[PDB]
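Take a look at this single chain in structure tokens; it is the form deposited in one PDB entry.
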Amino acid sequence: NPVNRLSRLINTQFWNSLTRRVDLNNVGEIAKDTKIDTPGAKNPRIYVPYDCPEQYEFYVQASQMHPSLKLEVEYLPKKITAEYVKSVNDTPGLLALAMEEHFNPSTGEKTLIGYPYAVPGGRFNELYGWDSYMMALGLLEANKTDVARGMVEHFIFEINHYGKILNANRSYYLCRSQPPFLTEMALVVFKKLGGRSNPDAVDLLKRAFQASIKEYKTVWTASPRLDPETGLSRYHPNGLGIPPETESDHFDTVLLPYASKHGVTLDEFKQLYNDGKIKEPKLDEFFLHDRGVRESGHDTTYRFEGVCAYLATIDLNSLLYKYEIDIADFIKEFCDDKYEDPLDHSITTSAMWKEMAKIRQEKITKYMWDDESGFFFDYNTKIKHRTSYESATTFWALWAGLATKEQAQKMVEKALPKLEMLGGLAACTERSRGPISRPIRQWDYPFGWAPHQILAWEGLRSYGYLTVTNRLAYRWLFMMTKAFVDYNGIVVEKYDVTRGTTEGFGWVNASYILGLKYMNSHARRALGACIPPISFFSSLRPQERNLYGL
């Protein structure tokens, strides 16, 4: 039965196919990085934080053992600056990550072994960003909890030494973040570990929340990302010049015009830009939004083409609302309601945090909500004006819990129909994508994406619309199954939710196990048979058709 074979292969072989764990012999293998091709990129290189000597000694010991790799091991500046990153663009490295202490039990000798993590696909080696949240949900259902907690340990380390959660732990990503989830990623690994009853769990929860507050205070509610006027935040990272790791021809077409306005070749105009010698400020702005897109993780979409860095999206501000509520909880429960920040001696009560969330809610409802069409549009903060773009992310408001009971009912009724295609939620309505000529962007209609599905499921089920989750979860699980059958045992990164023709893919895999949570015996049987959603709902007694909002 196909849904049992795939499910079986996710829970066992694919997760192992995607685990990574850093010890003294694979370091070379992991740190090898093709994405950049200059001289300096020829030897695998790892960079260590300035204040981690025990870990420096580790990777140096490691580099001597398999010296044929010519692995280089460099300490990082204490003060990591956009100007510095721009320099190491030609000498790129894999950033050191978390590491757990393990001791000999009769001699007592300390050993380092890297906490384990998961890649998004057999064609990667880096710990990626928000991907790791979804994947951690799957790993927890497959009772591989060691790998889920592993990644929380890494995200604390990333925040504590590189100052943010990174797109992925490589040198050339040090200036970009990803959508923040660490609060609820901490919570679920906490609950699965034992909750208050596991002391190791309660230690991890506290660390992950001390670190979460640092991220909130110093990344998202902090300039340049924070818009002071509205109070909301934008994906607006630092960073200089052309992103190195791209396809070399990528920007060649947008660069060529300027290169000829300045009367040089493409290469010379590239070098002269990276060296700061070009005052072409709208080109400086283009690359602002590109780096801003790379931070939203919606890479790319016409929702963000050239506008991303000025947009306070429902995406990020829904996630921050979640941070504000999860943090109030942590303080009133584990800090006796008095959290003083060890960095700046800032005394906050959980009442205060809740108050932060209350105003976020009002602000988001103010600039973003549209009681006619049912959506939460993004708000532009330079043009000071709302968008017409209907995004699947409007449901993050429910995932986070900032929308009112009244608002959700309006969204289910008026907005969910503009987005619900054959196999689930398209990333955006057909209207808002526009026409194609203007190539198609992969986060746009007709594509639908695992993270959008997973968040809308939990978000609907939170506001009481589980009957609607069940219908949506069917259309997804079905379309994934018929592909694994037809495409002859293969799983795919993105899916067309409008029509349908060896390691899995992280959050796709995880999307499957988590949607099966939502299916009864009858439904699984109809899935095994590859019965399309219309046929199957049709085949049902109206009492049970009610279970799918029909």
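Throughout, we count residues from 1 along the sequence that is shown. Only residues modelled in both forms are compared. Between two forms, the rigid core is defined as the largest C-alpha subset superposing within 1.5 Å.
Not pictured, yet referred to below: the form deposited in another entry.
- For the set 228, 464, 105, 199, a Cα shift of at least 2 angstroms between this form and the one not shown, after rigid core superposition, holds for 105 and for no other residue.
- Inter-residue distance, residue 202 to residue 104 (Cα): increased by at least 3 Å in the other entry versus the depicted form.
- After superposing on the rigid core, the one stretch of 3 or more consecutive residues whose C-alphas move by 2 Å or more between this form and the one not shown is 101-111.
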